[PDB]
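Sending over a structure as structure tokens; questions will come in a sec.
Going in written order, the chains are labelled A, B, C, D and E, and every chain counts its residues from 1.
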Amino acid sequence: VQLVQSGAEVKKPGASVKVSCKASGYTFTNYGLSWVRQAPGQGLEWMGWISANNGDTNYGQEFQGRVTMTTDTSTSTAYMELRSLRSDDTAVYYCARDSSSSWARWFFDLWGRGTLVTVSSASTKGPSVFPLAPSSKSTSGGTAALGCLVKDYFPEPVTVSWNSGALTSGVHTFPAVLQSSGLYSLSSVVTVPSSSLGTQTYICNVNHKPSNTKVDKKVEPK
Amino acid sequence: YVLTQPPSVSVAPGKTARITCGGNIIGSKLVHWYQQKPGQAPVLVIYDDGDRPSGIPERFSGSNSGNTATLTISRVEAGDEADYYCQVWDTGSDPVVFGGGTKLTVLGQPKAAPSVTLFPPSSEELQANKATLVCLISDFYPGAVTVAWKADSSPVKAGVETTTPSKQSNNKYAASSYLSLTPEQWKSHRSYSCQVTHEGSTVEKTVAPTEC
Amino acid sequence: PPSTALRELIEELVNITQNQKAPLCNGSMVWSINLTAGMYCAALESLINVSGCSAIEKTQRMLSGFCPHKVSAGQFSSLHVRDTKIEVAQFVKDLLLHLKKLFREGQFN
Amino acid sequence: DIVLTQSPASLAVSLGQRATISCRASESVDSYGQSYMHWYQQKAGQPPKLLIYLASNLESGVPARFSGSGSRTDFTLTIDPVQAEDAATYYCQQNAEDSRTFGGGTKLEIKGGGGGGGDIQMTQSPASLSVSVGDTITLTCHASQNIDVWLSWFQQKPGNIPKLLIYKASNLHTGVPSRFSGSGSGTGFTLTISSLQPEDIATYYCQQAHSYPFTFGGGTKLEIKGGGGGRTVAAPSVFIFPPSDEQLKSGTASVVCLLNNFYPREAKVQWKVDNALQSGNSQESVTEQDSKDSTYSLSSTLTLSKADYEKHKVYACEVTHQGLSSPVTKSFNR
Amino acid sequence: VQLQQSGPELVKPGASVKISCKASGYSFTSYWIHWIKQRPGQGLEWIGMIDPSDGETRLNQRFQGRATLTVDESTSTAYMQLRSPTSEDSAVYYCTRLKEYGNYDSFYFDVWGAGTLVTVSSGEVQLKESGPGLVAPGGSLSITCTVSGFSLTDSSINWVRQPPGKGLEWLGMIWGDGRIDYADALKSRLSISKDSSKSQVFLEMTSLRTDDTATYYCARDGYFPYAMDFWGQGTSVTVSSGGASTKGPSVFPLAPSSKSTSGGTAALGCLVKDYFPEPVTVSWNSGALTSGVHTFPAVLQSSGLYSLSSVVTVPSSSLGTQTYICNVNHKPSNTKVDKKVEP
């Protein structure tokens, strides 16, 4: 038994989104799904419940009216639809099995992986790729570390490789910062051994799935 | 409804950690529990305050005594360092009111000197008439950072970006800082630096446009 | 609404068993009962044998209110529950927990 | 505080009727479907006793006459029928609050006599008569109701089984001597026992055989009486006592000598305050005729002060009595 | 023509005792078996009648439900299965039948067996009361109810009051946990406390007025719904005029004569003084002394020492003296004293 949802989602302000959550491994007709959101770095917040036997719904004062819930008994998948999204509504929207009792709300046991729904005003702009070169050379006896500065890209995610997956010694991927312009920025740096100076070349491999921008960049010091 | 549990609990490994949800008459209601690891879906641990479902370890147990319910986790293990959300039922505003969140501050390892590096903007982008100063910090403990962009020892607040540190393989912390500037500003001043301080430990490097 | 009397009983039970109170009745043990979804009469006829202690009066009052016929304890299929002895605290905690479960289950009477 | 009123405050009802004692409350007393009212029964000089709890549940050891009812404002105590032994004041009491409060009381009794089927009762006198041995003793009897044919004349030795003397109030029993004869018709009778013997010094009772429950008489008793001359006259056993420390430490001293056993009563007690006699604070505590040998006991409590004793090394009490050939001096020293 | 009665039968509170009584020398199933309670401390009393040929019984008023007769025509035994007995039942219970000659002409009681002695054992739940009956108006009245047979931690005691002729009035209570209640009327001038060690409960009162004269009971509460089931007798309380003699008699010990200086028996005593009003109860060896006792009726003393009454008493015993200790009961002071003699 396992509860599964759709993939990630990216929306703009004022738009709408309809997320899915499929139930497989029990009798969906004898239970009711329930949604719980989670702002990044904040506590949980109950959003809505729906039953798979009668069709009743319940929402919180924060979401009473701004959301619409429905479920399909054919594929055992519910559809929570949020409209008039705001900048702060960016949060993972989990789903969980709950009792269909319209009077009480029991515990939650089955917890799907969830679905992140980011809301930003920036457009789906490709990533500006630049290599990271060491002004001062690698310290004596110590290992070096270079990477690629991914500036002004949106949305998430962006995987970063090195030499088409040929180098995996010291790779480090740091979280994406968010500037005031709304465009995410990322900078992954692989801890490169100083022994490979000069001789072994290094080519970054950034994959921007939104805009399909596959760009390989060469890096060299001063 | 209102529940106010402590937003932080610091305990030593191997001991018994106490996590209470100290609020109203929640003892008269079935207080459940929920554990959520960083980057994973929350999982059910304690429900009805005394019923653990299958797969749940045996060292878990919940207490409930009138005006105060408490979670009892013994033999603190770093593998269970996560956040615990006290959850209850109600018949007032909303039938479900979660808690404020409690991060189990397990004493994993002592202070660790961060690894800080800074890079000037790429000359290719300087040709394209932009300038982004980055400062990269990693491998420190605990999850606390203080960033300060001090160009020529002068603090700068315009075009400064920094996010909260995150986790990694060795359970340490890593955080990056961003400074958005313009080419003329980068070429004008004498020195540009980025300051990071952890628990009063000043660790800062500096670069210059005359060489970089 | 029928869900008012049960909520008031739950509030009273949680108010008399809080940790700020002294040991309830001070050690005088109480015969346990079978948790059989409607132990109202069972709890009444098993707490009817607590001489005073001045702290469980309202509890017995509300219990008799829920069970007006006060049917004799001879309904038990096994008097072994009237032979095992546990303190007032454990029995009242188990009764409170089962009553909270019954209240959450919608079952009031 | 809640107050409870009753109606009537006092009630007198004869036998065979149905009692009805109402207890009105100032407000409602019920709580969670049940009313916390009670009743009590208090007899003359007797303590109360629980009768009905929750105003609808009888207590163990309670006759079926008792009945309780009421709905949250009134409570009637129903006893049916009305019996003589039920004549006891009742008190309705509530405990539905933190402070109990008893009712106004309702004294119950039987009106116009009524009885319980002829409650005969005998009140005779005396209980112990002064009669010697070898004389005729005429005892007295007094009944309540009229029978005229049935009042037995029983007689029992102290600490033994009873013996009947006269049946039908005129016919002599089987084995009774002719020296005993009972007479009387109605309420007040008179017994005739002649030639009192050592085996005649016993107890005497009566009982009627007309209306059940057959009641028994009160009882006339006799143990011993009379006293001769020198036989009862005993040599006075003189006793004396030193001063008491509990009084000496208090600042005074009351001294007394004891004439334990002697006869007759005429014994002029005196005292010698260090060989000096004085008629002052010298009382004369006299006892009745001894129940063992008709002797006497007197103790002249010579109350005085510690100074009156701490200087007088001896205190000789003197007594002149018929049992004393010569006055026996009783004297302690210090 | 006689009856073989049983002997001593120790009875417990609530114990439905059943005594034996056997007939012999005639047909037991011919005449109505009669029951007559001796009760030596009161006189002679009746119980009821029953014919062993049919078993129908005509019991007395008090013995209608409390007593239960039995007639066995197969083994010549009459059971007396009285249930729920009281302290008044400790007595002898003779057997007899309807001894009658001439077709219900002369039915009398000539046969009398040994008498079934039925002594209900003492030691019941003791609701004992202790408190002075007379105090000066304005003093601090104190009463101490004593209870034995259990502990105060598992019961609750109330303070019911009853003025002479008037009705009852609740005046406080105390539980086994430590809660204390008071009537809303006298909530100020009243105070209650308990002591599980001494197994006693106190009582206080401020500014005693003459209306406060009333009997003070102390009753025990049973189980839920916590009504009152047990009842003591209550010590009397009277307040008419402030008596300066707020203390009992200071018992002066009077040791008897030495073992070597008494030609005859040796008698001891204790001079009673400084007590008012009359009388005061005095005994020796807690009542275990009756031979050669003599009590002098007290007489009002002279006007030199407040005329405090003085009673004298003396038991006579043979040399040497045994373990003799005085025992005094003073109802105006409720004080109990004792002392051994030492010549």
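Everything below uses one rule, namely that contacts are C-beta pairs under 8 Å (C-beta built on N, C-alpha and C of every residue); 3 or more make two chains touch, one makes a residue touch a chain.
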item	value
Co-neighbours of chain E and chain C - touch as defined	D
Far-end chain from chain E, centres as C-alpha averages	A
Centroid spacing, where centroids are CA-atom means, of chain B and chain D in whole angstrom	93
Whole-Å separation of chain centres (CA-atom averages), chain C against chain D	53
Inter-centroid spacing, chain E versus chain D (mean Cα positions, whole Å)	13
Separation of chain B from chain C, taking each centre as the mean of its C-alpha atoms, in whole Å	46
Junction residues of chain D - those touching two or more other chains	none
Per-residue overlap in chain C, given as positions that touch at least 2 other chains	104
Overlap residues in chain A, where contacts from two or more other chains coincide	104
Pairwise chain contacts under the document criterion	A-B, A-C, B-C, C-D, C-E, D-E
Footprint of chain D on chain C - complex, ascending	61-62, 64-65, 68
Footprint of chain D on chain E - complex, ascending	36, 40, 43-46, 48-49, 58, 60-62, 65, 84, 94, 106-110, 112-115, 158, 160, 162, 166-170, 173, 181-185, 217, 219, 222, 225-229, 231-234, 250-255, 257, 264-265, 267, 269-271, 273, 292, 294-297, 299, 301-302, 304-305, 310, 312, 314, 316
Complex contact set, residues of chain C against chain A	104-106
Contact set on chain A toward chain B in their complex	34, 36, 41-46, 49, 58, 60-61, 94, 104-105, 107-109, 111-114, 128, 130-133, 135, 145, 149, 151, 172, 174-180, 185, 187, 189
Complex interface listing, chain D residues touching chain E	1, 36, 38, 40, 42, 47-50, 53-54, 61, 63, 83-85, 89, 91, 93, 95, 98-105, 116, 152, 154, 159, 161-164, 167-168, 171, 173-174, 205, 207, 209, 212-219, 237, 239, 241-242, 244-247, 250, 254, 256, 258, 260-261, 281, 283, 285-287, 290, 297-299, 301, 303
